[PDB]
Each structure stands twice: as structure tokens, then as C-alpha cells.
Amino acid sequence: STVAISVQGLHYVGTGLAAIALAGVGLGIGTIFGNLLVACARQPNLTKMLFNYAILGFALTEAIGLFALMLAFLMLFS
Amino acid sequence: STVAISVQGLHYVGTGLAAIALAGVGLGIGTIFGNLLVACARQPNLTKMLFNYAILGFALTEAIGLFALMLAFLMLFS
Amino acid sequence: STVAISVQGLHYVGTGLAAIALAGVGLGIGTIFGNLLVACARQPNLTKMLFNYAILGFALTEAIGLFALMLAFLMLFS
Amino acid sequence: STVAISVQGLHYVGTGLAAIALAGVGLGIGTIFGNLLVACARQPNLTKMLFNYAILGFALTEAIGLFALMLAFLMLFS
Amino acid sequence: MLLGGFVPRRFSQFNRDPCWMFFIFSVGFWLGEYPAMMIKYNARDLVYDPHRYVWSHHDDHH
Amino acid sequence: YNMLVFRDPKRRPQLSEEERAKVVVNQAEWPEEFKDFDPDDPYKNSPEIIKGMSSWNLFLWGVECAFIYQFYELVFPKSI
Amino acid sequence: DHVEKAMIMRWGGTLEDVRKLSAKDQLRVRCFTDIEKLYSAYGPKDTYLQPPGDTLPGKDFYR
Amino acid sequence: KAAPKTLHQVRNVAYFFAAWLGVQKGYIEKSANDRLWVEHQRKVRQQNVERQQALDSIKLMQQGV
Amino acid sequence: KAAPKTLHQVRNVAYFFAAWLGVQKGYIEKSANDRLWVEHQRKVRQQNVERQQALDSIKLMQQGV
Amino acid sequence: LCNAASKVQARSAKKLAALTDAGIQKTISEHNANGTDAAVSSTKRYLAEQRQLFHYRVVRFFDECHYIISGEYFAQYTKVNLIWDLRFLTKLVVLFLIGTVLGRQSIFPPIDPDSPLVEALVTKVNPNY
Amino acid sequence: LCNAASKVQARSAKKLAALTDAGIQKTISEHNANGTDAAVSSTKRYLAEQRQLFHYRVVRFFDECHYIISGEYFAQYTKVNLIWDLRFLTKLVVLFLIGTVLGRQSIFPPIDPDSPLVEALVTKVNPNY
Amino acid sequence: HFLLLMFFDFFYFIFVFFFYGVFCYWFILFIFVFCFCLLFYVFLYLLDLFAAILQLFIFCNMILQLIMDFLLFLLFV
Ligand SMILES: CCCCCCCCCCCCCCCCCC(=O)OC[C@H](COP(=O)([O-])OCC(O)COP(=O)([O-])OC[C@@H](COC(=O)CCCCCCCCCCCCCCCCC)OC(=O)CCCCCCCCCCCCCCCCC)OC(=O)CCCCCCCCCCCCCCCCC
Ligand SMILES: CCCCCCCCCCCCCCCCCC(=O)OC[C@H](COP(=O)([O-])OCC(O)COP(=O)([O-])OC[C@@H](COC(=O)CCCCCCCCCCCCCCCCC)OC(=O)CCCCCCCCCCCCCCCCC)OC(=O)CCCCCCCCCCCCCCCCC
Ligand SMILES: CCCCCCCCCCCCCCCCCC(=O)OC[C@H](COP(=O)([O-])OCC(O)COP(=O)([O-])OC[C@@H](COC(=O)CCCCCCCCCCCCCCCCC)OC(=O)CCCCCCCCCCCCCCCCC)OC(=O)CCCCCCCCCCCCCCCCC
Ligand SMILES: CCCCCCCCCCCCCCCCCC(=O)OC[C@H](COP(=O)([O-])OCC(O)COP(=O)([O-])OC[C@@H](COC(=O)CCCCCCCCCCCCCCCCC)OC(=O)CCCCCCCCCCCCCCCCC)OC(=O)CCCCCCCCCCCCCCCCC
Ligand SMILES: CCCCCCCCCCCCCCCCCC(=O)OC[C@H](COP(=O)([O-])OCC[N+](C)(C)C)OC(=O)CCCCCCCCCCCCCCCCC
Ligand SMILES: CCCCCCCCCCCCCCCCCC(=O)OC[C@H](COP(=O)(O)OCCN)OC(=O)CCCCCCCCCCCCCCCCC
Ligand SMILES: CCCCCCCCCCCCCCCCCC(=O)OC[C@H](COP(=O)(O)OCCN)OC(=O)CCCCCCCCCCCCCCCCC
């Protein structure tokens, strides 16, 4: 027989999963700053150019985080 | 047939999943405060600058942590 | 007996799983930049060729994240 | 009693799971380029040769991600 | 292998070689088919088929 | 220069600076097609294959062909 | 072939039934099929899912 | 380079901008009307569904199972 | 006065004539459709009048004068 | 069908000969000798000049904007400038109205579903239009 | 908002100076000295020339008609003329289709009242359109 | 090819049914989306072109590796 069911609590589960991807982003941030300090110690003269590149890496990694976050919020309110 | 179902306790599950996002955030902080020691020991004269960058990275990671925390609380009290 | 069931809200679950695929992509991107800083700090004259390769790696990694994101949006609209 | 049930929406769940395989592939690709940058700064004379090997590794690693993505399409389109 | 050949510097030079003339004709076809589809498939008088719910590919492949 | 992925080939110099400086340029002997020759635009003075046929005219011809291909059935529909 | 199948199934289930229509009607139906092709998976689903309360014919119209 | 005796270019730009603004006004009005009609059609379908359900309920009562 | 190397003017005139002929075709088609719809509406009104007359006749019979 | 064509050609020839513009006559004679079309050549020359004057238009636009913003334009304001500005305002208004009509793709505002005029839409003689 | 305007003006000025056309540069210099607009003057010149060349167009049309009717055009027919005629035919066809669409004021043919598609007209989401 | 087909379908949809936004006040969003779609189109075509050749290379290299695994070389004296 044809049965159609609509569960109204499964828009929460999908939202939680989309938030998990943030960990892969947050950890990625620490890695960039984990190695930035070492690079600064190795070559203190480039404290500026390295910092700019690290900001570029953080922004791009955060861009992935916000792409995932968009799915998280869409399914939370829909 | 058209059947609509509303499962009440699934708002807890979504909350729990978002908490896992903190696993990476907490780990990412440890990476920063791990390399910081190595950077300081290698170049103790630059502790202040390295310490400031470590704080910067911690703030950026914490931002993602709050994003996940925000989703968890919303799905907890909704 | 033959029973056919159609669960609606499952597409939210599948979409959230695909979002997790961005965890490695975000982490992978962060790894590239972290390695880039070390290479620049250990060979400061190559601040452009390394930057180009970092961009190339990001593009490929972004491509993988976009392949998954297509499924994430597609299932969300299925 | 013998009851046979056919749930349609499950194909979304399996599709999302396969997308998780891209997390390893995307991370794996970033690992290769990270080593490439850290290797070009140790022996820049071979940068062209290393870049060639990096690309070969990218495809082999990328090839696996396609296998998973194929399964996602198979179940998403069936 | 993309080694050499005539390469027009800009659009106006595409008429300096028959092959590029055919190429630009093809590009014109390619890009001008899209506006045609815009006008044809977003027309005011365009009407959905009343019997569209009688049958669809979705039920057939299912 | 480039047109999409098609790059214009460039002839490598063969003369040294000393020998090159001693060369006397006489554009009077050059063909009319190549005078004031510019590496960045060598075909500026090149003749048209068909007189009066511009590139834009061909582009518009292709666009008109597309419009015909998409609109002919609207004016002369045929039964199945 | 797909266009002809759509026209036949949606307008009688037989070739003669389709031929009973005029050329303009066939043009309209085929252009709607083109619309459906263009929408694919990225578009509204009311083109093939009948909303509740719709007065248009259902699947059992010709049965 | 003396001061310009005419302002043709600025006037042409203003003409284009005015036409564009009018187009935006018309587009906004049409979009609002379309949304209103979509909502009206949805309400009509809902009312039809309710009427059909009421008729089915009355027929069920007549069935008297 | 040498022979013309181009036929631009004739081509332009032909372009205008072709556009005009297409316009005539469209106008004829639209006029025919409008006439058909006018006749259909007239028939609908006539049918409505006949239905009203039949209803009035039935009501008259119910009156039974 | 032929006499009329001959008469029209003769009239046009007389008018063409009548004009006493040295440049126009010279161009006509040259094109007739070469067998080419003068009007088409003029069109192509104008299009080429406009294509080569686009950035000149941009520079003039910026210069005029600076002239107006600096207040120098209003310093020498006269009645003629007032007339031109009134013409400019009229064109702006008519263009705005035309733009609105095209934007909504209808001369009149669309009828809302709740309006009592909906019946008129239902009772259209030709629903296609 | 201002830096972008300055950058655009500078780019246009560089491009305007780059061109090596003696006539264009001379006209630009003259208009700048006089403070007038070169593009507008060119437009007015072109319109005046076209206004003075209308009867020239008529005479050329009649001459071309005589040339074609006399059969001299087909005597020297070549492949280039074939290409031009194909272009001409394509433009004629597209213009005819556009003319029909405008004449009936609808992309698609109107639906007859007896057609089964009338229901679609009745079920329009927005009757205004 | 699956990915190419899906992306081309999406590009066709947005180009045809949302180009009117160029004339509207949200034209900037459409322009950004269109530029992104063009970039993705170019990237996908380049990636596929490279990957086809690379896969053929690998396909032949597997066979050659099979052959080489059992080859024995003698030394000239
Ligand atoms: C560098 C890259 C090159 C390409 C690489 C490969 C491809 C890559 C992919 C992308 C390619 C993009 C497209 C190619 C470029 C096209 C533009 C171009 O170069 O033209 C130069 C061209 C000059 O070249 P030329 O060879 O020196 O031409 C000499 C003369 O044209 C003289 O020519 P003629 O002697 O043959 O004259 C023929 C005749 C014939 O002239 C005409 O017929 C004029 C045209 C009339 C309109 C016909 C339709 C035009 C097409 C529209 C749709 C286009 C769709 C495709 C666009 C795709 C763009 C991405 O002319 C006249 O008689 C004069 C016309 C006077 C009439 C004016 C009034 C017209 C009214 C129209 C009424 C209809 C309106 C609609 C509503 C009607 C309602 C009832 O400049 C123009 O004239 C352009 C005018 C039109 C502009 C808009 C066109 C559409 C949008 C184009 C965007 C391009 C973006 C590029 C970005 C690059 C960044 C680096
Ligand atoms: C609902 C939305 C639907 C949207 C649909 C899609 C919309 C379009 C999308 C794009 C589609 C693809 C592109 C197609 C482009 C086709 C057009 C094109 O490229 O044109 C260039 C093309 C020239 O290109 P070419 O050959 O490369 O030119 C070389 C040189 O550039 C030549 O340079 P030039 O120096 O020669 O430059 C001037 C030249 C170039 O000027 C232009 O470019 C003109 C504008 C070009 C666009 C035209 C689009 C037309 C589309 C249909 C109409 C829409 C409204 C147009 C308003 C135009 C206002 C000026 O001017 C002309 O072309 C002149 C044409 C008019 C000739 C007038 C002669 C009448 C003589 C009558 C004698 C009768 C005697 C009867 C005696 C009987 C005795 C028994 O020109 C034309 O095709 C002109 C067509 C004009 C048609 C007008 C029809 C009006 C309606 C019928 C008349 C009703 C009222 C009067 C009735 C009176 C009683 C009979
Ligand atoms: C349903 C049926 C409804 C029917 C309604 C009624 C229909 C009309 C019936 C009659 C009504 C009474 C008569 C009214 C006539 C009004 C027109 C008139 O006389 O014009 C002459 C008048 C010049 O007369 P004048 O001042 O005596 O000229 C002195 C010299 O002759 C000057 O000589 P010249 O050498 O300068 O000659 C060239 C001149 C003359 O050329 C013409 O004559 C042009 C054609 C004239 C007719 C125009 C009619 C327009 C009507 C509405 C649109 C219909 C389609 C028009 C298609 C035109 C195709 C070319 O060209 C122009 O006018 C250029 C105008 C375009 C300027 C483009 C600049 C854009 C800059 C944008 C920068 C944005 C930066 C943003 C940064 C933001 C940062 C935060 O020109 C205009 O008014 C031009 C208006 C153009 C409006 C275009 C609007 C298009 C739609 C909006 C844009 C959407 C797409 C793009 C969006 C992009 C994103 C923003
Ligand atoms: C001898 C008797 C005198 C009168 C006696 C008293 C009254 C007696 C009662 C009867 C009076 C009849 C009317 C008076 C005559 C009017 C014609 C005239 O002489 O004009 C010369 C005039 C040249 O005089 P001019 O002072 O040397 O002008 C210098 C230049 O014009 C340069 O001017 P500018 O420097 O000021 O430039 C301004 C600017 C401004 O230029 C423009 O804006 C050009 C005009 C654009 C169109 C605007 C609407 C035009 C009006 C249409 C409605 C008229 C209704 C009233 C007509 C009644 C006729 C009985 O120009 C431009 O930028 C160039 C324009 C480039 C754009 C071209 C493309 C336009 C596209 C239009 C798009 C819109 C179309 C609608 C659909 C849109 C859908 C989205 O020639 C033209 O330019 C005429 C063009 C228009 C022709 C058709 C006009 C309607 C029909 C007239 C029939 C007259 C029959 C007379 C029979 C006599 C037998 C012996
Ligand atoms: C006594 C003698 C009397 C003689 C009378 C002669 C009367 C002639 C009347 C006009 C005839 C016109 C015929 C041609 C037009 C036919 C239109 C048609 O059938 O369209 C339907 C067909 C389409 O058929 P369709 O309608 O089945 O296709 C629709 C398909 N869907 C639904 C999917 C969209 O149109 C075309 O095929 C258009 C193709 C273009 C036509 C023009 C080609 C011009 C040349 C271009 C190539 C060369 C370029 C070279 C450039 C480089 C040079 C160096
Ligand atoms: C980088 C920029 C330049 C790049 C150039 C590249 C080439 C592009 C060439 C573009 C050619 C034209 C494009 C046409 C777009 C679509 C036109 C169309 O048919 O849309 C109108 C359509 C009418 O239908 P509607 O009733 O709104 O709803 C239909 C649902 N069944 O309704 C809609 O779709 C809604 C439209 C609302 C917004 C209107 C914007 C335009 C307003 C002025 C138009 C004036 C046109 C005048 C032409 C006259 C034609 C006779
Ligand atoms: C000596 C000559 C020159 C003299 C010049 C003197 C100045 C004259 C200026 C004229 C200006 C334009 C005149 C406009 C005429 C009327 C236009 C109009 O609104 O008519 C369209 C109308 C639509 O309505 P319809 O559905 O047919 O029925 C309505 C009944 N409720 O339907 C009708 O009315 C039927 C029309 C059928 C015939 C159509 C003919 C035109 C075909 C091409 C039109 C192209 C217009 C493109 C403009 C685009 C606008 C965005």
C-alpha cells in the first residue's frame, strides 16, 4: 500500500550533522596558526607576509565552514 | 495516505551532534598551544608576539565553537 | 504483504551527512597553508611559486568540497 | 505474519554516507601539496619534477573519491 | 598539442580567416540560442499542459 | 597574446645586440600587409576574406540561425 | 521519442488521440516538455506533483 | 580645455537611470501582484480540499458503519 | 556611373517587406481567433438564455396556473 | 507600375541634383564613379567614429560631473539653461513612466485577487489576450 | 565611490590618448579647445548626411533593381554573391518570424475556444498576465 | 560525465529562467552567480581534459608494470 509519512523532528538531525563539519574547519584554523608560530620563530623577519597568508588560509577555511553552516540553518527553519 | 508525525525527543539528538563540533575546536586550540611552546623554546625572545598570535587563533576557533554552541542551544530550547 | 512507505524528512538526514564531507576539505586546506608558512620561512625567496601551488591545491580541494556540496543541495531539494 | 516493506527515502541516507568518503580524499590531497611546498623549499631545483609527481598522486587519490561519488549517484538516481 | 596557427587579436579580426569566421558564426549561434530560449520559455502566453498530472517520467522510472 | 587557450607564437631572436644594432630597417621593401608591424597586433592590416563581411555580421548570422532554429515551429507547426 | 511518449500518454494513450489535436496544441505540449527538461532537478515540483485540491485531471483520467 | 558648454553625457546617463528606476518600480509591482495571486490560488485549493473532506465526511455518515 | 557593387538598398527594402508580411500573417491569425472567440461567447450566452427559459418553464409548471 | 517607378526615380534625381552642397555632391560623384553606396559608407564612418569616441564620452561625462558639482555651472546660470533643464526634467518624467509600464509589462496596474474587478478578467472575450 | 571614479576616468583618458588616429585626435583637441562635445557633433553630422542622402538611396535602389532585372547581376555571379544571398535569405526568414510574432502579439499561436487547452487559460495563476 | 551533465543542467536553468534579473535591482547577485558558473565550467573542462589523458597513461602503465614484473635483464660482456 502507498503510505506517506512526514516526520517533523528530522529537520533537527540534519542540522546537527551539518554542524559537525565545523570541527574540520575549526581544527584547520589551529593548524594554520599552529605552524604560523613556528614559521615566525624560524624567520622572524617575515612576521608580516606569513601573517597575511595565514589570514588568507583562515578565511578560505572559514568559507567552507559557512557553506556548511548555511545548510545547517536552512534545515533548522525548514 | 497522508500521515503527519511529530517526534518530540529528536530535538535532543540534534543538540548532541552539534556538540561534537567542539571536539575539533578543542583539539585545534591544543595544537596552537602545543606549537606555541616549541616556538617559544626555539625563540624565547618573541614570546609576546607569538603569544598574541596564539590568542588570535584561539579567538577565531572559539568563534566556530560558539556557532556550533548556538545551533545546539537553539535545537535544545525549540 | 506488500507495503510501500515514503518517508519525507529523510532528505534532511542525507544532506547533513554530505556536509560532513567538508570537514576534511576544510582541514585539508588548513594543512596546505600551514605547510606553506614553513616552506616560506625556510626558503623566503620563493614567496610566489609556493603561493601558486598553495592556490592550486586549494582549488582541487575546493573542487572535492563542491562535488559533495552539489549532493547536499540536490538532496535538500529532492 | 510475513510483511514486506519498501522505504523509498533510504536512498538519501546511503548517498550522504558515501559523500563522507570525500573527507579523506580532500584531506589526502591537501597532505600531498603540503609536503610539496615543504619539499620545494628543501630542494627548489626539482620543483618541476616534484610538481609532476604531486599531480600524479592527486589523480590516484582523486580517483578513489570518484568511486564513492559514483555510488552516491547510483543510489540517488534509483 | 596547441603549438601554433592564426590567432585573431580581437573580435574584429575573426573575419581575417575562414576557419575563425566559421568559429565566430558558431559562437553566435551558441550564445544567441539562450536569449531565444528566454523569450520562448518565459512567454506570457506560454501555458502548462492541463494533463501534466496525468503522467510523468517520475512514475514511469519508479 | 592569447585568445582563450590559443596563444600567438613568437619568433625567438637569433641576432645578437651588436649585430642587431647594425641592421638598417627599410619598410619600403616590406609588403603593404605588414607595415608598422606590431607583434601584439600583426594582423591589423590583414585583408578581409570577404569584402564588407565583418565579424559582427557573422556573429549576428549565427544568432539569427539560432533564432530560426528555436522559433520556426512557432510559426509553421507540424502535426505528429 | 520522449516527446512523442509524453504527448501520447498525456493526451489519450494512443497516437490517433494525439493526432486528433491541432498542430498548435501539439506545439504547446512539446514546449511544456521542453520546460520540464530545462527545470530538471532544479525547479518547482508542481509541474509533475498535483497539489491537493487541484481541479486538473489526475492519473486515472483516461482509465 | 575650456569648461563644457553642454551636458549631453550627464543628461543621457540620467535618462538611462530614470528608465531603469521606472523598470524597477514596475517589476516590484508585478512581483507583488504575482505573490498575491499565488497566495490566493493556494487558499482556493485549501478551501476546495476542505469542501471535499466535508463532503466525504457526510457521505461516510450516510454510509453509517 | 559604374554598375553597383552592392545591393544594400534592395536588401533593406526586402527586409522591410518580409517583416510587413509576417506582421500581416500574425494579424490575420489573431483576427480569426478573435472572431472564433466572439462566436463562442455568443453561443454561450444563447445557451444560458435557453437554460434560463427552461428553468422558468419548469417553475411555471410548478406554479400550475 | 513602371511609369510610376520612372516618375519617382526622376523626382528623386531632380531633388538630388538640386542640392548645392559641395561635399555631398563630391561624395555622390565619387561613389557613382566607384559604383559604391555613399549612405552605407557614411553609416560605417559614423559607427567607427562612435566606437572610437566611447572613452571620450566617459571623460566628458566625468568633466561635466565635476563642473556641475563644483558649482561653476550654477554661477553662470541663465534663462536658456532653465529651458534646457525643463526639457531634461520632462524627458526624465516620461522615461520613468515608460520604464514603469515596461517593467510591469502592462499599461494599467494589475488587478489584485481581492478586488471586485476580477470578474472582468474572468469574463474576457478572448482569454488568450 | 570617488577613487573608483578617478580610476575609471584615468583608464578612459589613457585609452583615448593611446589611439593614433589623426582625425580623431584633431577633432578631440578642437572640441576640447571650444568646450563642445565631439560625439554629439558626429551624430548630428551623420543625421544631416542621411537626411540629404534619402533620394540618393532611392536612386540607388532603382539602379540596383534595373541591374538585377536586366540579368547582368547573375552574369557575373560568384561564390561570394552566393554567401551574401544566403545571409540575405536568413535575415528575411528571421524577420518574417519576428513579424508574425509581433503581428499576433504572442509568442505562441492563440488557443481556439474549441481546443481542449482552454482549461489552461481558465486555470491561470495570475489572470492579469 | 555525470557531474558535467548535472552542472550544465543547473547552468541552463539559471541562465534561462533568471537572466531577467540583469534588468532588475538584484542584477549584482545574478552577475556574481553567472561569473561563478563560468569559472566552474572552465575548471571542469580543464580537469576532465587532464584526467582523461592521465587515466589512459595509468591504464597503459598497469599493463607495462605487469610485463616488467617478470622481465629479466642480462648484462653484456
Ligand atoms: C575578444 C573575444 C572574442 C570572442 C572569443 C570567442 C567567444 C568567447 C565567448 C564570449 C563571446 C561574447 C560575444 C562576442 C562579442 C560580441 C560583441 C563584440 O565584440 O562586438 C563588437 C562590435 C563591433 O565589431 P565590428 O566587427 O567592428 O563591427 C562593425 C560594425 O558593427 C558594422 O558591422 P556591419 O557593417 O556588418 O553592419 C551590419 C548592420 C546590421 O546591424 C544590426 O542589425 C545591428 C544589431 C541589431 C540587433 C540584433 C540582435 C543583436 C544580438 C542580441 C543578442 C545577442 C546574444 C548573444 C550575446 C552573448 C554575449 C556573451 O549594421 C547596421 O546596419 C548598423 C545597426 C543600426 C541599427 C541599430 C538599432 C538596432 C535595433 C534593434 C532592434 C531589436 C531589439 C530587440 C527588441 C525588438 C522589438 C520589436 O560592436 C558592436 O556593434 C556591438 C553592438 C551590440 C552590443 C551587445 C551585443 C550582445 C552582448 C555582447 C557581450 C560581449 C561581452 C564581451 C566581453 C569581453 C571582455 C574582455
Ligand atoms: C514579444 C517579443 C518578441 C521578440 C522577438 C525577437 C526580437 C528580436 C531579437 C533578435 C533576433 C535576431 C536578430 C535579428 C535582426 C534583424 C534586424 C537587423 O539585423 O536589421 C539590420 C538590417 C540591415 O543589416 P545589413 O544588411 O547588414 O546592413 C548593412 C548596412 O549596415 C546598411 O547600413 P545603412 O546605412 O543602410 O543603415 C540604415 C539601415 C539599417 O537600419 C537599421 O539597422 C534599422 C533597425 C534594425 C533593426 C530592425 C528590427 C526589425 C524587427 C521587426 C520590427 C520591430 C520594430 C522595429 C523599429 C525600427 C525603428 C527604426 O536601415 C534599414 O535597414 C532600412 C530598413 C527599412 C526600409 C524602408 C523602405 C520602405 C519602402 C516601402 C515601399 C513600398 C512601395 C509599395 C508600392 C506598391 C505599388 C502597387 O536591417 C533590417 O533588417 C531592417 C528591417 C526593418 C523592418 C521594419 C518592419 C516594420 C513593420 C512593418 C511595417 C509596418 C508599418 C508601415 C506599413 C506601410 C504600408 C506598407
Ligand atoms: C507596451 C507598450 C508601451 C509603450 C510606451 C510608450 C512608448 C514610447 C512612445 C513615445 C513617447 C514620447 C517620446 C519619448 C522619447 C524618449 C526617448 C528619447 O527621446 O531619447 C532621446 C534621448 C537623447 O535626446 P537628446 O538629449 O535630445 O540628445 C541630444 C543629442 O542628439 C545626443 O546625441 P548623441 O551623440 O549622444 O547620441 C547618442 C544618444 C542618443 O541615442 C538614442 O537616441 C538612444 C535611443 C533613443 C530611444 C530610447 C527610448 C527608451 C525607452 C525605454 C526603453 C525601451 C528600449 C530602448 C532600447 C534602446 C536600444 C539602443 O545615446 C543615448 O541617449 C545614450 C543613452 C544610454 C546611456 C547609457 C549609460 C549607462 C551608464 C551606467 C553607469 C552605471 C554605474 C553605476 C555605478 C554604481 C556604483 C555604486 O536619449 C534618451 O533618453 C536615452 C534613453 C535610454 C533609456 C534606456 C533604458 C533601458 C532599460 C534600463 C536598463 C536595463 C538594462 C541595463 C541594466 C544595468 C544595471 C544598472
Ligand atoms: C512643413 C509643415 C510644418 C508644420 C506645420 C504645422 C502643423 C501641420 C500639421 C501636421 C504636422 C505634422 C508633424 C510635423 C512634422 C514632423 C516631421 C518633421 O518635419 O521632422 C523633420 C525632422 C528633421 O528636422 P530637424 O529640425 O532638422 O531635426 C534635426 C535632427 O532631428 C536632430 O535633432 P536634435 O539635434 O534635436 O536631436 C534630438 C535627439 C532626440 O532624438 C530622438 O529622441 C529621436 C526620436 C525617438 C522617438 C520618439 C518619439 C517620436 C514621435 C512619435 C509620435 C509622433 C506623434 C505625432 C505625429 C503626427 C504626424 C502627423 O536626437 C537624437 O539623439 C537622435 C535620435 C537617435 C535615436 C533613434 C532611435 C529611436 C528609437 C525610438 C524608441 C521608441 C519607439 C517606440 C516603441 C518603444 C518600445 C520599448 O526629421 C526627423 O528626424 C523625423 C524623424 C521621425 C519621423 C516620423 C515622425 C512621425 C510622423 C510625422 C509625419 C509628418 C508628415 C508631414 C507631411 C508633410 C507633407 C508636405
Ligand atoms: C518557381 C520557383 C519558385 C521559388 C520559390 C522559393 C521560395 C523560398 C522561400 C524561403 C525558403 C527558406 C528556406 C531556408 C530556411 C528554412 C527554415 C527551416 O526549415 O527551419 C526549420 C529548421 C529547424 O527544424 P525543426 O523545427 O524541426 O527544429 C526545432 C527543433 N527544436 C524543437 C528542438 C528546437 O531550422 C533550421 O534547421 C535552421 C538552421 C539554419 C538555417 C540557415 C543556414 C544558413 C547557413 C549557415 C551555415 C553556413 C555558415 C558559414 C559561415 C562561414 C563562411 C566562411
Ligand atoms: C551583461 C548584460 C548584457 C548581456 C547581453 C547578453 C545577451 C542577452 C540578450 C537578452 C535579450 C532579451 C532577454 C529577454 C528576457 C526574458 C523576456 C521575457 O519573455 O520575459 C518576460 C516575461 C513575461 O512573462 P510573465 O507574464 O512575467 O510570466 C510568464 C510565466 N508564464 O516576464 C518575465 O520574465 C519577468 C521580467 C521582469 C523584468 C523585466 C525587465 C525588462 C524591462 C524592460 C523590457 C523592454 C523590452 C522592449 C522590447 C519590446 C519587444 C516587442
Ligand atoms: C503614415 C504612417 C506614419 C504616421 C505616424 C504618426 C504617429 C503615429 C504613432 C503611432 C504610435 C503607436 C500606435 C499604437 C497603436 C495601438 C497599439 C495597441 O495598443 O494595440 C495593441 C492591441 C492589444 O489589444 P488586443 O488584445 O488586440 O485587444 C484589446 C481589446 N481589449 O491590439 C490591437 O490594437 C490590434 C493590433 C493588430 C495589428 C498590429 C500592428 C503592429 C505590429 C507590430 C508592432 C510592433 C510594436 C513593438 C513595440 C514594443 C512595445 C514594448
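Amide H of residue B:5: which non-local residues (sequence gap of 5 or more, or other chain) have their own amide H closer than 5 Å, using H built in the peptide plane? Correct list: A:6, A:7, A:8.
Can you tell me the 0 to 90 degree angle between the C-alpha axis of helix H:8-63 and the longest principal axis of chain H, rounded to 10? Orientation of helix H:8-63: about 0 degrees from the principal axis. Modelled spin labels at residue H:55 and residue I:60, positioned 7 Å past Cα toward Cβ, are 3.4 nm from each other. If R0 is 51 Å, the Cβ-Cβ spacing of residue I:15 and residue G:15 corresponds to a FRET efficiency of close to 0.80. If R0 is 60 Å, the Cβ-Cβ spacing of residue K:81 and residue B:37 corresponds to a FRET efficiency of close to 0.10. Taking every full run of DSSP H in chain D, the ones that stretch at least 24 Å from end to end by Cα along their long axis and average 1.0 or higher on the Kyte-Doolittle scale are D:21-40, D:47-76. If you take the Cα centroid of the stretch J:43-119 and the Cα centroid of the stretch K:64-79, the two points sit 48 Å apart.
Taking a ≥ b ≥ c as the square roots of the eigenvalues of the Cα gyration tensor, an a/c ratio of 1.5 or more together with a/b no larger than b/c marks chain G as oblate.
Can you tell me which of F:54, F:46, F:16 moves the most in a GNM of chain F? Springs connect C-alpha atoms under 10 Å apart. Greatest mean-square fluctuation among the candidates belongs to F:16.
Take each peptide in B:2-14, F:56-68, C:17-29, J:40-52, count the other Cβ atoms within 10 Å of every residue, and average; sorted highest first, the result is C:17-29, F:56-68, J:40-52, B:2-14.
Rounded to the nearest 20 debye, the dipole size of the protein assembly as shown about its Cα centre is 2500 debye, using +1 on the Cβ of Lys and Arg and -1 on the Cβ of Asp and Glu.
Label point of residue K:22 set 7 angstrom out along Cα-Cβ; within the stretch F:23-55, amide nitrogens under 16 Å from it belong to F:36. Put in order of Cβ neighbour count within 10 Å, fewest first, the listed residues K:64, H:29 become H:29, K:64. The Cα center of the stretch G:19-38 and the Cα center of the stretch D:1-69 differ in position by 45 Å.
Mean-square fluctuations from a GNM of chain K, with a 10 angstrom spring cutoff on Cα atoms, peak among K:91, K:15, K:79 at K:15. Straight-distance candidates among the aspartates and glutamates for linking to residue I:5, with alpha-carbon spacing under 18 Å and chain neighbours fewer than 8 residues away dropped: F:48, J:30, J:37, K:63, K:64, K:72, K:85. Taking chain I as a Gaussian network of alpha-carbon nodes connected by springs under 10 Å, the highest mean-square fluctuation of the residues I:52, I:24, I:41 belongs to I:52.
Using Cβ point charges alone (K and R +1, D and E -1), the dipole size of chain H about the Cα centre works out to roughly 460 debye. Taking Cα atoms only, the orientation of helix K:22-34 departs from the longest principal axis of chain K by about 80 degrees. Tell me the angle of helix K:3-18 to the major Cα principal axis of chain K, expressed in degrees between 0 and 90 and rounded to the nearest ten. Tilt relative to chain K: about 70 degrees.
Among L:37, D:40, L:60, sorting on how many other beta-carbon atoms sit within 10 Å of each Cβ, with the fewest leading, yields L:60, L:37, D:40. Which net charge results when you count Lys and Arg as +1 and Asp and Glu as -1 among the other residues whose beta-carbon is under 12 Å from that of residue I:36? Charge balance in the 12 Å sphere: -1. Once you sort the root eigenvalues of the Cα gyration tensor of chain H as a ≥ b ≥ c, which label holds: rounded (a/c under 1.5), prolate (a/b larger than b/c) or oblate (the other case)? Prolate is the answer for chain H, as a/c is 1.5 or above and a/b outweighs b/c.
Taking a ≥ b ≥ c as the square roots of the Cα gyration tensor eigenvalues, chain K comes out oblate, since a/c reaches at least 1.5 and a/b does not exceed b/c.
By the beta-carbon count within 10 Å of each Cβ, the least crowded to most crowded order of L:30, B:77, fewest first, is B:77, L:30.
The numbers here are math on the coordinates, done by the rules we state, and not lab data. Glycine also receives a Cβ, built like all others from the backbone with ideal geometry; neighbour counts cover every protein chain displayed.
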